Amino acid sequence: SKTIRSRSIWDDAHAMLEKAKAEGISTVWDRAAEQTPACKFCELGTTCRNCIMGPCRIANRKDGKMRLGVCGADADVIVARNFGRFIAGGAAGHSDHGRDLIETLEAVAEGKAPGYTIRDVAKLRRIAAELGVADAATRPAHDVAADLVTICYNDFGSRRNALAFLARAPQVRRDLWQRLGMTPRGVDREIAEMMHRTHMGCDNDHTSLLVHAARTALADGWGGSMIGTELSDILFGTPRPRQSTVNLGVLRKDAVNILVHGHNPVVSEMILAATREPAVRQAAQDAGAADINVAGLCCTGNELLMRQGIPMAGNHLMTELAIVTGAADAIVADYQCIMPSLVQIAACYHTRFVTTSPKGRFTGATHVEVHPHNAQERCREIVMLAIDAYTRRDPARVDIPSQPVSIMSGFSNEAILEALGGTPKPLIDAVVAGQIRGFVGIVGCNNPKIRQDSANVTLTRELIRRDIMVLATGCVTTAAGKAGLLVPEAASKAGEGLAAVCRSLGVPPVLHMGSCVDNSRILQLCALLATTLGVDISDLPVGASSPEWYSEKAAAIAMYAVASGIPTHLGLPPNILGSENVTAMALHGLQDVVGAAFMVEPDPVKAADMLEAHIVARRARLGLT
């Protein structure tokens, strides 16, 4: 229908929205329509529930009433406090993700994690030496792991002056954070101090609350997310370039289709291993299946895509539609961005909805809790549930749409530097020469307010055309992939400068750099370039963008990009427009403080113009053409 066509740009999504409509299944778009219009105070941020002297709303009335809360807080404080807690929720998701990776590596170091090993021992020694472990190159790998585990855990403590990975930032960027009071000291500490500041009668200055919001988000990018990325590479291998496929067509009628959903790869890496055991493959064969086919959703799909080339089934707004195919025999979920509607839609079919984390509980789900010491045993049990669910699949309701699209994935910073001969010198020369005018990381989510991936794909096309290389992470990866932009042949869709560089390296114009925690790879690349050139990150021709973000995590990623000197664009505004002072600080004031600011622009073509203008100005300050 006209309505179905306006919800997404993808054929596989349209087909499933027709199927869901015919079957009477409501989707995220339907509930988004119901929640429209939204509460004007909640939209603007001028509402507060932090105590039961309230709840309060700030209104502009003729009689001057309701200008302040019961405690006396004005709109600036109330909007800033809400935005501060919004950021802290996002940093906390990445905080727990990074914490689980430390526990897993500690379990490996102690020999209490059957089925886990240190896949990349060379990276473990490099990271441990970088963070100061003594004799990281020669001591036994388990000892080196235990000492890195200790360094990581101490960043989750309250005794550090600065996070351990903060050393990667240029000295000028560290001096700036120090003068401003933004230096992140502890991953959990900043979140706790934010929750304390936003309590009634604590931090009642909107400038102070936003400064600590930056510090909280910086504890994510250079802490929770960076620890998660680096330890994931140690535990499961550093990504290298590889081919794979994307979209709902990666589901097979003839196979047990297991969709992994969530973020943490500690579970899905063992799910994948259980599917390869001979006895488990025998059960699938005894059930009439040709194979066991694992496919990814959202960031845990990105994780298996970067390290294993596991095909990605879809991104955020594709998750419900993947069950509508009738071929999803099991959804295995850990945490974050797993819509509870999946439980009800799975109940419409044979699909087993299996939760695996103590933090990711869903009423009505099948809970098989997974920890490092039992993951190999539990994941074997979970795949068996999927094989059993496969036997009850109704074939008359199976409709897997579309043909999978080829993609190239696995562009970690190690892979990037390897493709350049080992140093960033060829990369820097291309920028100086003007072949690659700059880099933009397009990151983030889908959002029902925006036609699915319309802004992600348009902005990607606009940027590579202007010789601006795109680094894609998160749910943008699937948008760039389904658009055919994640393959080296996509250089024909770039400008002459970017196309020529890409064709000499054999890489696509859009580099898939992983999941949402892997946005720390972009911080690492930016820090590595600024240090080499002897400048700040705010001098590099770079930018960040999330045209269709939804989550608190995307807010925290955008905030730590801005606080790190990266001009960051958002397609939709946060719930802050009720305060002009907070809005001006987010859009303009931060430029005077951290060298970068937020941009809110729903037109992806204007967004490309704005990101390009920042790049052009930074190129001028570097003395480039």
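The first residue of the sequence shown is number 1, and the count goes up from there.
Comparing 526-534 with 210-218, the higher mean C-alpha B-factor in the PDB entry belongs to 526-534. In this entry, 504-512 has the higher mean Cα B-factor, the comparison being between 152-160 and 504-512. Residue-level inspection of the entry shows that, of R185, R451, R139, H196, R139 has the top Cα B-factor.
Out of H97, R174, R393, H367, it is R393 whose C-alpha atom has the highest B-factor in the PDB entry.
Ranked by C-alpha B-factor against the other modelled residues of its chain, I87 falls in the lowest third. Ranked by C-alpha B-factor against the other modelled residues of its chain, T583 falls in the middle third. Sort the chain's modelled residues by C-alpha temperature factor and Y335 lands in the lowest third, per the entry. Among all modelled residues in this chain, the alpha-carbon of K65 has a temperature factor (C-alpha) in the highest third. In the PDB entry, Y550 places in the lowest third of its chain by CA B-factor.
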